[PDB]
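One structure is given below, encoded as structure tokens.
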Amino acid sequence: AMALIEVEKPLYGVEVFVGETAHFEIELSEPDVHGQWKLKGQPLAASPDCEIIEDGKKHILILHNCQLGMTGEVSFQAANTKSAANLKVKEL
Amino acid sequence: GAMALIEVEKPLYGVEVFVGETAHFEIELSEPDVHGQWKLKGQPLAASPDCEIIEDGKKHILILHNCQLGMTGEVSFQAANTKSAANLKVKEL
Amino acid sequence: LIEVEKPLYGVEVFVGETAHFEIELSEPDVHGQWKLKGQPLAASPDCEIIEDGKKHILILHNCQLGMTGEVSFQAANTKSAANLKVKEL
Amino acid sequence: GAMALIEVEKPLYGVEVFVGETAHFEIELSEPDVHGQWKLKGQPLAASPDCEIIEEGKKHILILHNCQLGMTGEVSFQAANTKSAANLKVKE
Amino acid sequence: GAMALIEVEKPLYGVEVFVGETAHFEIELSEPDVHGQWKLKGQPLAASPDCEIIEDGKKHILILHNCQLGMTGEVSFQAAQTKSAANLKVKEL
Amino acid sequence: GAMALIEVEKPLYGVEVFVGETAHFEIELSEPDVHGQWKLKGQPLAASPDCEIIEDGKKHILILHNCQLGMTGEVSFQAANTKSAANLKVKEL
Ligand SMILES: [Zn+2]
Ligand SMILES: [Zn+2]
Ligand SMILES: [Zn+2]
Ligand SMILES: [Zn+2]
Ligand SMILES: [Zn+2]
Ligand SMILES: [Zn+2]
Ligand SMILES: [Zn+2]
Ligand SMILES: [Zn+2]
Ligand SMILES: [Zn+2]
Ligand SMILES: [Zn+2]
Ligand SMILES: [Zn+2]
Ligand SMILES: [Zn+2]
Ligand SMILES: [Zn+2]
Ligand SMILES: [Zn+2]
Ligand SMILES: [Zn+2]
Ligand SMILES: [Zn+2]
Ligand SMILES: [Zn+2]
Ligand SMILES: [Zn+2]
Ligand SMILES: [Zn+2]
Ligand SMILES: [Zn+2]
Ligand SMILES: [Zn+2]
Ligand SMILES: [Zn+2]
Ligand SMILES: [Zn+2]
Ligand SMILES: [Zn+2]
């Protein structure tokens, strides 16, 4: 009988101008848990411009060269644990 | 600044599994600690008790428990510019 | 007390094929050691010893008749064993 | 035999944030699993809730929450032989 | 969530070494993957070839090569809440 | 897939230790995340409270607590290709 994984620090919303970078972070209740990030409900492919990072209880997503079409919900799920927040891309 | 592309050193290979059995896939990259993404039939896979995604140094492993007929198709993996694919054949015994 | 959450399970393989064992512990990053027939296992191309979080994995490639026997694992205080059966096709 | 020196592959670049927001810095090394040290205005950074030091593979990240005008200055990183610096500007 | 503070499961022990020799310190925390900082005589340690900072799961290690007499003093470690200290004594033959 | 063999970059050094104290061995390989095996007098080490096996990037470390006279002899490490050996010398104060 083991505890389900929980979100200790949820995702916060990010604002970013076109071409700049957005960073998201979430902290889980326990280290080394596997999860998956989505943007506007579509799973993210890792790329030079989309970097998926894990370090202990922390999960980080780095989105470089953000574009207007990217505005919408960023979400993360690792088993039971789920969090979501808004990404707003602005022009100047 | 001069860095080698990530390459596949040992590629995915095909597996045949009977229904209800588990299948495992593995690939070895040229560099350790490279983030990898797995897909089955073109759909990105997420970790769960029956779909375990494993990373250890240069090795990437996918374990699929309780395989079902409808899972037959291409398993693919991508890590940086490194890509590999092989077939999952589930047989009805 | 570090516990075993999902124990080793037995596996059957044909000669030449690969066998995989797996165990899930209650805690991640615990140093694990594997044995086959009571003999400690070193990593090699045909014997791959994997750790990722709570999961420990042993992959045995090109299995041979003489390898039939008990596969066992220990991490801190937790122990688990199961059988490898290699058979001719 | 010959071992390559660790190099900076993707250097630190400057970040500008407004007072009270968080700034994220990012550097990529030529090799994974290299132990790195961060500094802000020449002082070694101590990991905290507001000051998070992250490593994953070739990637090293520094997150500074609730930035203050007094924190404007040079952020530097060093790992083995590799060094990078960029500016944190907290904007009024 | 409601999380336990990091604790010290096994504290630093004192080390004594002759000059030129290496000292090794070891502390075990209650949780793996916790980030910490080492200090020597109250000063943050920079990680040269002679000063190696190591982490593996719940264990944190400091290796100091080529110890000199000036290094005699308190070695401390801090990871969030968790803190420990022990004496380094450097002796002349 | 055209890959370099793992090599020892920093070999094991010999350690002298008094009875009851702890000995610390370290070796550095040419690549991080390589799996290896430690031996004492040609016998594989079983990890225990007094026998700790540590990995961190290119570094491999062995910690032997509460050293006893009978433990004197060769300590070795091998990672596939790579092998290094050094002497453990336990003495009475
Ligand atoms: Zn940011
Ligand atoms: Zn971990
Ligand atoms: Zn970390
Ligand atoms: Zn980046
Ligand atoms: Zn416009
Ligand atoms: Zn090539
Ligand atoms: Zn990753
Ligand atoms: Zn499984
Ligand atoms: Zn490993
Ligand atoms: Zn219990
Ligand atoms: Zn249980
Ligand atoms: Zn398998
Ligand atoms: Zn280990
Ligand atoms: Zn393999
Ligand atoms: Zn993992
Ligand atoms: Zn060399
Ligand atoms: Zn480190
Ligand atoms: Zn944070
Ligand atoms: Zn020592
Ligand atoms: Zn050293
Ligand atoms: Zn290399
Ligand atoms: Zn690594
Ligand atoms: Zn110890
Ligand atoms: Zn490390």
Side-chain angles (χ1 to χ4, degrees), chain A residues 5 26 28 30-37 43-47 50-62 76 78-79, chain B residues 6 29 31-38 44-48 51-63 77-80 82, chain C residues 2 22 24-25 27-34 40-43 49-57 73-76, chain D residues 28 32-33 54 56-59 61, chain E residues 28 32-33 54-59 61, chain F residues 29 32-38 45-48 51-57 59-63 77 79:
Chain A
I5 306 300
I26 182 166
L28 305 189
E30 281 266 353
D32 295 331
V33 176
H34 300 158
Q36 165 187 61
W37 289 91
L44 288 164
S47 73
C50 172
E51 297 169 310
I52 293 154
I53 292 99
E54 318 86 31
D55 183 354
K57 303 193 294 182
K58 306 220 174 267
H59 279 86
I60 287 147
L61 175 70
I62 302 182
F76 175 86
Chain B
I6 304 322
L29 299 178
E31 283 297 333
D33 291 348
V34 178
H35 184 86
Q37 176 203 217
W38 295 82
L45 295 167
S48 66
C51 182
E52 294 162 320
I53 292 151
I54 303 291
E55 179 169 11
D56 185 350
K58 296 189 290 180
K59 307 236 65 135
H60 283 80
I61 287 163
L62 176 71
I63 297 169
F77 174 90
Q78 184 169 62
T82 330
Chain C
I2 270 135
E22 58 175 270
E24 196 179 293
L25 303 182
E27 291 296 341
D29 297 345
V30 187
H31 187 87
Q33 289 190 127
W34 291 84
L41 288 173
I49 303 172
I50 304 290
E51 301 181 1
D52 178 355
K54 292 192 299 181
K55 282 276 186 225
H56 283 76
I57 288 148
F73 176 91
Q74 193 175 124
Chain D
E28 197 178 291
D33 295 349
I54 304 288
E56 195 218 329
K58 298 196 284 191
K59 262 292 144 50
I61 290 150
Chain E
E28 175 106 318
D33 300 332
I54 284 128
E55 320 85 14
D56 181 359
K58 31 212 262 196
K59 303 182 99 52
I61 289 153
Chain F
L29 270 24
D33 290 338
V34 167
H35 303 150
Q37 176 174 53
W38 290 92
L45 295 200
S48 79
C51 182
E52 307 176 310
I53 292 154
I54 305 306
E55 312 87 27
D56 178 359
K59 290 285 220 222
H60 280 82
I61 290 155
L62 177 69
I63 302 179
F77 181 85

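To find a chain, count down the sequence lines: A is the first, B the second, and so on, and within it residues start at 1. Order of listing sets the numbers, starting from 1, for every ligand and every atom in it. Side-chain atoms are counted along with the backbone in the values below, which use heavy atoms only and exclude waters and symmetry mates.
Relative ring orientation between A:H59 and A:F76 is described as tilted, the plane-to-plane angle lying within the 30° to 60° band.
In this structure the side chain of B:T82 never reaches within 4.5 angstrom of the side chain of B:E31, judged on heavy atoms. Using a 4.5 Å heavy-atom cutoff, the side chains of F:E55 and C:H31 are in contact. Looking only at side-chain heavy atoms (C-beta outward), A:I60 and D:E56 stay at 4.5 Å or farther from each other.
As for B:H35, its N/O/S atom nearest the Zn ion (ligand 7) is the one called ND1.
Metal site remark for the Zn ion (ligand 15): C:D52 contributes an N, O or S atom at a distance under 2.8 Å. Inclusion of C:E51 in the first shell of the Zn ion (ligand 13) is not supported: no N, O or S atom falls under 2.8 Å.
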